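Pasted below: target-v3.pdb, PDB, C-alpha atoms (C1' of nucleotides) and all ligand atoms.
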```pdb
ATOM      1  CA  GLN A 245     -39.938 -17.842 -23.470
ATOM      2  CA  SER A 246     -41.496 -21.315 -23.532
ATOM      3  CA  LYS A 247     -39.436 -23.587 -21.274
ATOM      4  CA  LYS A 248     -41.034 -26.657 -22.831
ATOM      5  CA  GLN A 249     -39.197 -29.361 -24.746
ATOM      6  CA  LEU A 250     -39.595 -29.469 -28.534
ATOM      7  CA  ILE A 251     -40.919 -32.969 -29.201
ATOM      8  CA  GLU A 252     -39.349 -34.734 -32.174
ATOM      9  CA  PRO A 253     -41.381 -36.371 -34.958
ATOM     10  CA  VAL A 254     -42.024 -40.113 -35.092
ATOM     11  CA  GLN A 255     -40.702 -41.611 -38.325
ATOM     12  CA  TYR A 256     -41.352 -45.100 -39.710
ATOM     13  CA  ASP A 257     -38.815 -47.635 -40.958
ATOM     14  CA  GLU A 258     -39.032 -49.970 -43.946
ATOM     15  CA  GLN A 259     -40.122 -52.708 -41.543
ATOM     16  CA  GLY A 260     -42.763 -50.236 -40.358
ATOM     17  CA  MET A 261     -41.582 -49.846 -36.764
ATOM     18  CA  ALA A 262     -41.793 -46.410 -35.169
ATOM     19  CA  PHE A 263     -38.590 -44.625 -34.191
ATOM     20  CA  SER A 264     -37.370 -41.154 -33.254
ATOM     21  CA  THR A 265     -33.915 -39.608 -33.624
ATOM     22  CA  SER A 266     -32.132 -36.825 -31.763
ATOM     23  CA  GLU A 267     -28.633 -35.373 -31.462
ATOM     24  CA  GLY A 268     -26.608 -34.854 -28.304
ATOM     25  CA  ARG A 269     -23.387 -33.040 -27.456
ATOM     26  CA  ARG A 270     -21.183 -33.399 -24.369
ATOM     27  CA  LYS A 271     -17.763 -31.698 -24.339
ATOM     28  CA  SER A 272     -16.376 -32.483 -27.835
ATOM     29  CA  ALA A 273     -18.402 -35.695 -28.259
ATOM     30  CA  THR A 274     -21.500 -35.773 -30.468
ATOM     31  CA  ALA A 275     -24.068 -38.581 -30.599
ATOM     32  CA  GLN A 276     -27.067 -39.380 -32.818
ATOM     33  CA  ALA A 277     -29.433 -41.807 -31.085
ATOM     34  CA  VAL A 278     -32.246 -43.685 -32.831
ATOM     35  CA  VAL A 279     -34.679 -44.923 -30.182
ATOM     36  CA  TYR A 280     -37.297 -47.471 -31.262
ATOM     37  CA  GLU A 281     -40.774 -47.493 -29.744
ATOM     38  CA  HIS A 282     -40.762 -51.269 -29.159
ATOM     39  CA  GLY A 283     -37.703 -53.212 -28.054
ATOM     40  CA  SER A 284     -36.145 -55.472 -25.447
ATOM     41  CA  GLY A 285     -33.562 -52.983 -24.162
ATOM     42  CA  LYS A 286     -30.847 -53.699 -26.750
ATOM     43  CA  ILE A 287     -28.539 -50.671 -26.983
ATOM     44  CA  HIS A 288     -25.907 -50.757 -29.738
ATOM     45  CA  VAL A 289     -23.235 -48.040 -29.762
ATOM     46  CA  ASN A 290     -21.366 -47.636 -33.057
ATOM     47  CA  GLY A 291     -22.523 -51.077 -34.155
ATOM     48  CA  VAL A 292     -21.194 -52.639 -30.941
ATOM     49  CA  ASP A 293     -22.977 -53.705 -27.780
TER      50      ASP A 293
ATOM     51  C1'   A B   1     -15.710 -25.934 -11.841
ATOM     52  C1'   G B   2     -15.033 -28.552 -16.745
ATOM     53  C1'   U B   3     -11.454 -25.153 -12.283
ATOM     54  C1'   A B   4      -7.355 -27.516  -9.297
ATOM     55  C1'   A B   5      -5.002 -32.166 -10.043
ATOM     56  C1'   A B   6      -3.332 -35.876 -13.255
ATOM     57  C1'   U B   7      -2.468 -37.608 -18.270
ATOM     58  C1'   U B   8      -1.696 -36.516 -23.560
ATOM     59  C1'   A B   9      -0.808 -34.177 -28.364
ATOM     60  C1'   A B  10       0.663 -30.389 -31.518
ATOM     61  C1'   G B  11       2.980 -25.696 -32.655
ATOM     62  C1'   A B  12       6.534 -21.503 -32.692
ATOM     63  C1'   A B  13      11.995 -20.867 -33.178
ATOM     64  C1'   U B  14      17.073 -24.505 -35.280
ATOM     65  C1'   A B  15      20.837 -27.662 -39.785
ATOM     66  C1'   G B  16      20.527 -29.864 -34.777
ATOM     67  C1'   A B  17      19.616 -28.273 -29.750
ATOM     68  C1'   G B  18      14.778 -26.673 -23.343
ATOM     69  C1'   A B  19      12.987 -30.429 -17.936
ATOM     70  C1'   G B  20      11.243 -23.617 -21.345
ATOM     71  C1'   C B  21       7.121 -21.193 -23.810
ATOM     72  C1'   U B  22       2.311 -21.149 -26.735
ATOM     73  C1'   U B  23      -2.087 -23.807 -27.976
ATOM     74  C1'   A B  24      -5.652 -28.176 -28.133
ATOM     75  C1'   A B  25      -7.748 -32.373 -25.948
ATOM     76  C1'   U B  26      -8.860 -36.331 -22.143
ATOM     77  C1'   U B  27     -10.164 -37.939 -16.983
ATOM     78  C1'   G B  28     -11.959 -35.004 -13.173
ATOM     79  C1'   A B  29     -12.362 -33.368  -7.635
ATOM     80  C1'   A B  30     -12.553 -31.205  -2.300
ATOM     81  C1'   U B  31     -14.226 -26.605  -0.203
ATOM     82  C1'   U B  32     -16.580 -21.699  -0.016
ATOM     83  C1'   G B  33     -17.474 -18.829   7.559
ATOM     84  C1'   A B  34     -20.856 -18.468  14.982
ATOM     85  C1'   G B  35     -13.415 -14.523  13.370
ATOM     86  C1'   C B  36      -9.530 -14.166  15.687
ATOM     87  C1'   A B  37     -11.097  -9.314  11.200
ATOM     88  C1'   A B  38      -5.949  -7.563   6.770
ATOM     89  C1'   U B  39      -6.235  -4.205   2.705
ATOM     90  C1'   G B  40      -8.961  -1.608  -1.440
ATOM     91  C1'   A B  41     -13.762   1.250  -2.072
ATOM     92  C1'   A B  42     -18.779   3.577  -0.037
ATOM     93  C1'   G B  43     -20.853   6.081   4.279
ATOM     94  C1'   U B  44     -19.676   7.600   9.109
ATOM     95  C1'   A B  45     -17.779   9.986  12.788
ATOM     96  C1'   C B  46     -13.583  11.549  15.309
ATOM     97  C1'   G B  47      -7.103  12.236  15.454
ATOM     98  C1'   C B  48      -3.492  15.201  13.504
ATOM     99  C1'   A B  49      -1.253  19.165  12.481
ATOM    100  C1'   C B  50       1.747  21.349   8.509
ATOM    101  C1'   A B  51       1.385  23.457   3.423
ATOM    102  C1'   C B  52       5.543  18.912   2.855
ATOM    103  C1'   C B  53       7.173  22.624  19.301
ATOM    104  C1'   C B  54       9.263  24.160  23.706
ATOM    105  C1'   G B  55      13.039  23.406  27.849
ATOM    106  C1'   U B  56      17.903  23.055  29.565
ATOM    107  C1'   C B  57      22.796  22.907  28.904
ATOM    108  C1'   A B  58      27.641  23.216  24.354
ATOM    109  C1'   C B  59      31.711  27.058  21.936
ATOM    110  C1'   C B  60      31.279  31.809  19.521
ATOM    111  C1'   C B  61      30.917  37.844  19.526
ATOM    112  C1'   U B  62      28.198  41.836  21.264
ATOM    113  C1'   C B  63      25.573  45.808  23.646
ATOM    114  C1'   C B  64      22.973  46.562  28.413
ATOM    115  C1'   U B  65      22.604  47.143  33.566
ATOM    116  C1'   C B  66      23.742  47.353  38.162
ATOM    117  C1'   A B  67      28.126  47.404  41.063
ATOM    118  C1'   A B  68      32.527  48.024  46.067
ATOM    119  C1'   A B  69      34.857  52.010  47.354
ATOM    120  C1'   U B  70      38.668  54.645  44.930
ATOM    121  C1'   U B  71      40.237  58.267  41.651
ATOM    122  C1'   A B  72      38.635  62.270  39.916
ATOM    123  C1'   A B  73      36.465  65.100  35.568
ATOM    124  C1'   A B  74      34.502  68.864  36.655
ATOM    125  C1'   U B  75      30.733  72.654  39.282
ATOM    126  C1'   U B  76      28.212  76.768  42.019
ATOM    127  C1'   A B  77      24.637  80.701  45.830
ATOM    128  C1'   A B  78      27.065  84.326  46.612
ATOM    129  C1'   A B  79      27.135  86.929  50.967
ATOM    130  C1'   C B  80      29.403  90.401  53.793
ATOM    131  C1'   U B  81      31.909  95.606  56.547
ATOM    132  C1'   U B  82      33.193 100.680  56.560
TER     133        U B  82
HETATM  134 MG    MG C   1      13.783 -29.232 -29.668
END
```

Give the structure from the file, written as structure tokens.
Amino acid sequence: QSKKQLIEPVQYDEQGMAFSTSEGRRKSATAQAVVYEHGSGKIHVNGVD
RNA sequence: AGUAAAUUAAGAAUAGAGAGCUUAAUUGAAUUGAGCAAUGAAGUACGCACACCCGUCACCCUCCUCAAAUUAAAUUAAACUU
């Protein structure tokens, strides 16, 4: 049993910036984050700050 | 331990009727042993006495024995003289 995280791929946007996506589940909530390799720390949740 | 707590929603059943019941969700803890030891099991030893006691005195009836003398009921060797 490999207790080692399964690294996600690194996709590319139309602009060409690198980004990865992953799902998360806590209680009944489910989230789908889309981290970008380069940014200024701007997190937008459901299109809101 | 997503527990307690708190806050919500729905459902069953009714024509209507619960502060009840069932189910779902949200927020979300504190604590978990230097005893003073309660049960249930395991092991361990011992305690108990039955198969779930004696003593005295209480009324009851019976045989038994001795027992004071009394009253008797009755018994028994027979010898001896000419
Ligand atoms: Mg009602």

Just say which residues the PyMOL selection byres ((chain A) within 12 of (chain B)) picks in this file, as a list in words.
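Taken on the displayed file, the PyMOL selection byres ((chain A) within 12 of (chain B)) yields the residues residues 270, 271, 272 and 273 of chain A.
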
Quick check on the file I pasted: which residues fall under the PyMOL selection byres (((chain A and resi 253) around 10) and not hetatm)? Write them as a list in words.
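Residues picked by the PyMOL selection byres (((chain A and resi 253) around 10) and not hetatm): residues 250, 251, 252, 254, 255, 256, 263, 264, 265 and 266 of chain A.
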
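For the residues B:73, B:13, B:34, B:68, ranking by smallest atom-to-atom distance to ligand MG 1 (chain C) using only C-alpha atoms (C1' of nucleotides) and all ligand atoms places B:13 first.
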
Long-range neighbours of residue 283 of chain A as a PyMOL selection string, 12 Å cut-off, only C-alpha atoms (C1' of nucleotides), 4 positions minimum in chain
chain A and resi 261-263+278-279+287

Can I get the residues close to ligand MG 1 (chain C) as an NGL selection string, where close means within 12 Å and we count all atoms listed in the file?
:B and (11-14 or 16-21)

When you draw a straight line from atom CA of residue 249 of chain A to atom CA of residue 293 of chain A, how long is it in Å?
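Distance reported for this atom pair: 29.4 Å.
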
Using the chain letters and numbers from the file, give me the residues hit by the PyMOL selection byres (((chain A and resi 276) around 6) and not hetatm), as a PyMOL selection string.
chain A and resi 266-267+275+277

Computed interatomic separation between atom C1' of residue 28 of chain B and atom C1' of residue 5 of chain B (Å)
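Spanning atom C1' of residue 28 of chain B to atom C1' of residue 5 of chain B is a straight-line distance of 8.1 Å.
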
The centre and edge lengths of an axis-aligned box containing all atoms of segment 274-282 of chain A present in the file, extended by 3 Å on each side, are to be given in Å to one decimal, as AutoDock Vina command-line options.
```
--center_x -31.1 --center_y -43.5 --center_z -31.0 --size_x 25.3 --size_y 21.5 --size_z 9.7
```

Rounded to one decimal, what separation in Å do you get between atom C1' of residue 8 of chain B and atom CA of residue 269 of chain A?
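Between atom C1' of residue 8 of chain B and atom CA of residue 269 of chain A the gap is 22.3 Å.
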
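Using all atoms listed in the file for every distance, the candidate list B:10, B:1, B:58, B:45 yields B:1 as the residue closest to residue 31 of chain B.
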